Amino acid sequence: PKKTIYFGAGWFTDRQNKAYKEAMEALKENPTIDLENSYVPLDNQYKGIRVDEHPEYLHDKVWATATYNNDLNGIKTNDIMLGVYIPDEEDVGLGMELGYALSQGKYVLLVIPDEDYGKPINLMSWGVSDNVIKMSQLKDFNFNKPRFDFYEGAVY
C-alpha cells in the first residue's frame, strides 16, 4: 500500500536545493510512497511557462491565481503534506501551505537536514507539525502508519 504526497520545498538557495535533491532521492527509495502520482510543484508549472525565462508573468493575476490554485489543489488531493524545512531559511510560502494542509486534515511531516536537526524552528511550525524527522529517516518512514511526535530541538 502506497500513499501520495505534496512535495513542499523551496528552490531559491543552495541549502534549499541540496535538501530538495536529498528528499527526492529519499522518496524514490521509500516503498510506502507513490511518487509518480504525487504532486511535485516544479513539474506542475501552469501551462509549462518557466517564470525564470519570462518574469513578465509575475504581474499577471491569472498566472498567479492558477499557480496558487494548482498548488492548493496539489495539497488537498494528496494524502500527506511533506515540508522540507531549513531552520535558517524559513519560508513564508511553506508556512501557509502547512496551515492549509492542517485545514484539509492531512498528516503534516517536516523533514530537516541532519546537519541542522536540533536547531531552533518557529513555534507555529512546531505546532502545525504532526511530526518532524531527520532527512536520513525519510527513506524508511512508514507512511501507512504515521504518528504524532515532538521535535527534539529548540523552538522560538
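Between two forms, the rigid core is the largest collection of C-alphas that superpose within 1.5 Å. From 1 onward, residues are counted along the sequence shown.
- Two stretches, 91-99 and 42-50, are weighed by how far their CA atoms sit from the shown form in 5 other deposited structures of this protein after rigid core superposition; the farther one is 42-50.
- Fitting each structure in 5 other deposited structures of this protein onto the rigid core and averaging C-alpha distances over structures and residues, 53-61 emerges as the more displaced of 53-61 and 22-30.
- Stretches compared: 125-133, 47-55. Higher mean C-alpha B-factor in the entry: 47-55.
- Across the two stretches, 26-34 and 100-108, the PDB entry reports the greater mean Cα temperature factor for 26-34.
- The PDB entry assigns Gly93 a C-alpha temperature factor belonging to the lowest third of its chain's modelled residues.
- Annotation for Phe148: C-alpha temperature factor in the lowest third relative to the rest of the modelled chain, per the entry.
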